[PDB]
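The same protein chain appears twice below, in two forms, each given on its own as C-alpha cells and labelled structure 1 and structure 2.
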Structure 1
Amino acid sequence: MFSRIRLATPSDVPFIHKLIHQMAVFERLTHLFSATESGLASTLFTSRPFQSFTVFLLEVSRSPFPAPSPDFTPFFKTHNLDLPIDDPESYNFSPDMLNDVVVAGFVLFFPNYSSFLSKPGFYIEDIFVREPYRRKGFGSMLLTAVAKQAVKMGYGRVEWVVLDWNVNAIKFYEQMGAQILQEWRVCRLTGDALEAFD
C-alpha cells in the first residue's frame, strides 16, 4: 500500500467534512458538530497554507502516486500488507475510483506564536485516521508531517492538548520527546458570556 500526505484544497471539502463527521461520531461530539461544507470551503478558499487554517490529508492507494503553497512538497511512504483492509465506505473518501486513491486521515493545524522567541509555531487541533487504516503508522506520519513542516519553516514549537486521564496518549507524546506543561489550564469565553462584551 502506497501513502501520500498532501495539502487539502477546496475540492477536498467533502472528504474533510466526512472525516470530521467520523471523528465527531467516534469522540461523541455529534451534538456540537455545526461545521458545514460551505463553511469549510470558504475557509479553504480564504486561508493561506501554513499562515492560517491548514489541512494535510493522508491518502492511500494500491498503486504508486504521481510524485498549494511555495513552502510545501508532498510527503510519501510505502507500506506492505497482504492483509485485506475492509473499507466499504472507501468510495465516499475516493477522489479517484479509476486509480483507487482513498483518503484515510487528516490533520488540522494552524499557526500559534511564541512572544519569547518571536517565532511562529503550529498548534494541532485534530489528527484522525479512519478505523480501517489504524495501527499502520499513518497517524504518526501525520504528526511527523506537521513537525517536519515546522522545522522546514524555522518555526519554534508544535503544540496540542491531551486529556489528563489519557495515559496511553501522554506516554506516546512523552516518548517522542514532547513535554507536558501540566500547570496550564485552558480558559474559554463563549456564548452569552462572549456576547455580553458587545
Structure 2
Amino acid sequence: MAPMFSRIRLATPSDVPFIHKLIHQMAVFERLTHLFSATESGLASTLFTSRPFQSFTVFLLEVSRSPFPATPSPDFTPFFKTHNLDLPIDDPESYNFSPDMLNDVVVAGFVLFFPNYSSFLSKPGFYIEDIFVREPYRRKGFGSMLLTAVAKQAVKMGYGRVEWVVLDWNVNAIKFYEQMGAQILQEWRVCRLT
C-alpha cells in the first residue's frame, strides 16, 4: 500500500519530450502510428509561440507518492489532489516520463487545448484536441480531472463552452463523456479541406 498525490500544471518547453511520447502513445492506441509524424522540434516551435491560454496550451498531470511543493501564466496556478492508499503503481515507462530521475514525480497524462469562439455570443471558449492518460494510471479519475480542469479554466476566464469531437462508434469514450455532463450533438459533421 502506498499513498498517491497528483498535480495538474502547465507544460513548458522542457516538457516537449514527454508531450511527444504521450502523443506517440496515443497514436499507438488509436492504431494510427503510420500517421504519426510529430517531432520534438515541431512541438516546441508550434506549442510555445504564444502565452498560455492565448493559443495552444497543455496541462500535464503528474503523480508522486509524496506531496508536491507548494509552488508560466498569471491566469493559472496548479491543482492538487490526494488519493487514497492503494496498491503501488506499476509503470514500466516511468524513466521516460520523469523530469528528474532522482525525484518521485512522473508525468501520467495530458490535455491539449486552445481557444475557440462562439460568434453568436461574442465569447471565446476552449476546444480540446487531445486527452490521454497512460495505461498504468487509468481508472483513477485523472482523465476526468484533466477535462474538468479545462472547464474550470474556462469559467475562471469568463469563457464559454468547452468542446471536442468523438468518433460515433466510440461508445466507451461516449460513456466517459456522458458521465461528465457532456452533451453529444448528433447534428454536426466535421468538414475538411486537405
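By rigid core we mean the largest C-alpha set that fits within 1.5 Å across both forms. Structure 1 provides the reference sequence; residues are numbered from 1 along it.
Just one residue from the list 145, 158, 153, 170 crosses the 2 Å line for C-alpha shift between structures 1 and 2 on a rigid core fit, and it is 170.
Relative to the superposed core, residue 43 moves its CA by 2.0 Å between structures 1 and 2. If you overlay the core, the Cα of residue 59 moves by 0.1 Å between structures 1 and 2.
Shown is the Cα shift of residue 98 between structures 1 and 2 after rigid core superposition, which amounts to 2.2 Å.
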